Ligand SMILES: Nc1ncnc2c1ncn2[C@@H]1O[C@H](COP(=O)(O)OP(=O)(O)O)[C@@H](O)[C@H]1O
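Starting off, we have a lone chain in the form solved without the named molecule, written out as structure tokens.
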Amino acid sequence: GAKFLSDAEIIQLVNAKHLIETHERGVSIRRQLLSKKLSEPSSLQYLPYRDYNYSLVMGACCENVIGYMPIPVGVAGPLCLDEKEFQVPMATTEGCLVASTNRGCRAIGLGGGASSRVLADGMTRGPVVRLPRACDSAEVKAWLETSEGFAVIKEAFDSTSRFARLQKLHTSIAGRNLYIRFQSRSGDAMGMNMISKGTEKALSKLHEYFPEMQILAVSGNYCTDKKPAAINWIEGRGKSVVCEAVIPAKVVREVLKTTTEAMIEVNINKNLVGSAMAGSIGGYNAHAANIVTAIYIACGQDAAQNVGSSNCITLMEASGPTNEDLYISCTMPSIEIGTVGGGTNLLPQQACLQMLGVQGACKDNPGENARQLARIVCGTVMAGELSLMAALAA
């Protein structure tokens, strides 16, 4: 069919208002078509495209594909976390970020290592519905708060998928509007699509009970997905995680080139008081976003979710017998993460997840690989906080 034609001929056919057998040649043709519309057609010459596996990308991850964008991947490690060691991949183009995180890791290792805990777990979706009157939306809120109402909604939600297991609902009214926050674990997937499908069936079951209910939007921004929101900071979203470590005074001096007292003075007055003066919600840290973003790009995550996933409060305190040691913790209530689906279906992304031992589904305990990866992120963020904060104090 298309194999017996040439490159010039197939371009002539689509131009004339009128399929291809190999994925890489389809990319090549799309690149040549695009060149015709650019002022500099030679601009694509150093954008690569050759010998990348487009089979896993077409239809699943990307459209109108013209190549790929290489992001340098460095390793910060070993990170000593919950009695294990992790070599953490970090895809970035910011100078010194991987070296600085690496120093944070070294400080943590010498201090006995870090311990972390996952405090909560459940991706959310927050549709907006409308009723004729505020008295009607109030009725629906009351009904969703009975055990009988919650049970029928749970049955409908949980029918859509193996890992669909609905947790306590959260609701807010604004006149005749009602926002409904559905939360559920989702195996090792980040869970956006799963929870959305569950939410649609739950909302259709709710329609049966309340026929005058309009479903205005399956996402009414009450989730909240990929925008700053106090609701994510307070209620959590995805994995809520806490990590901690004590850095001996000697290590703060030799490795970090500062003191425990100076580190505490900067953290309080930068990460708490300064974030406070700037009007931050959830941004009580130095640069958690750098680490989250770098790990996310390396590990096939949705990097747009660094908006909520980077929420972090970094606290530093005096510790030990002489009160000269550095206690540090990071608390990240809304880490949106997964080891199956999305960009984690791609082979290079899986290489980075494999380094950490979290690639794919955990067959023995659904959701444990994603939980582990969240812990690693929170741990690596803490390393980053240590090093950069030390650089600022000194």
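We call the rigid core whatever largest set of C-alpha positions still superposes within 1.5 Å between the two forms. We number the residues from 1 along the sequence you see.
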Exercise. Quick one: with the core lined up, is it 320 to 328 or 302 to 310 that wanders further in 7 other deposited structures of this protein, going by C-alpha RMS?
Worked result: 320 to 328
Exercise. Relative to the presented form, and with the rigid core used for superposition, do the C-alpha atoms of 262 to 270 or of 163 to 171 deviate more in 7 other deposited structures of this protein?
Worked result: 163 to 171
For this session: Could you check which stretch, 306 to 314 or 204 to 212, carries the larger mean CA temperature factor in the entry?
Result: 204 to 212
Seminar exercise, completed: Higher of the two mean Cα B-factors (158 to 166, 277 to 285; per PDB record) comes from 158 to 166
Exercise. Of the choices 272, 229, 291, 252, which one's C-alpha carries the largest B-factor in the record?
Worked result: 252
Exercise. If you rank the chain by CA B-factor, which third does residue 322 end up in: lowest, middle or highest?
Worked result: highest
Problem set entry | Cα B factor band for residue 258 (lowest, middle or highest third within the chain) | highest
Problem set entry | Chain thirds of CA B-factor: placement of residue 107 | highest
For this session: Among all modelled residues of this chain, ranked by Cα B factor, put residue 338 in the bottom, middle or top third, i.e. lowest, middle or highest.
Result: lowest
Exercise. If you rank every modelled residue in this chain by C-alpha B factor, which third holds residue 47: lowest, middle or highest?
Worked result: highest
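Below: the form deposited with the named molecule bound, not depicted.
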Exercise. Honest question, do 86, 357 and 378 all end up within 4.5 Å of the named molecule in the deposited bound form by heavy atom distance?
Worked result: no
Seminar exercise, completed: Testing 193 to 201, 137 to 145, 318 to 326, 174 to 182 against the named molecule in the deposited bound form with a 4.5 Å heavy atom criterion leaves exactly one stretch, namely 193 to 201
Problem set entry | Close approach of residue 163 to the named molecule in the deposited bound form, 4.5 Å, heavy atom | yes
Exercise. Does the named molecule come within 4.5 Å of any heavy atom of residue 187 in the deposited bound form?
Worked result: yes
For this session: Classify residue 27 as contacting or not contacting the named molecule in the deposited bound form by the rule of any non-hydrogen atom within 4.5 angstroms, answering yes or no.
Result: no
For this session: State yes or no: in the deposited bound form, is some non-hydrogen atom of residue 340 no more than 4.5 angstroms from a non-hydrogen atom of the named molecule?
Result: yes
For this session: State the residue from 361, 44, 34, 56 whose non-hydrogen atoms include one within 4.5 Å of the named molecule in the deposited bound form.
Result: 361
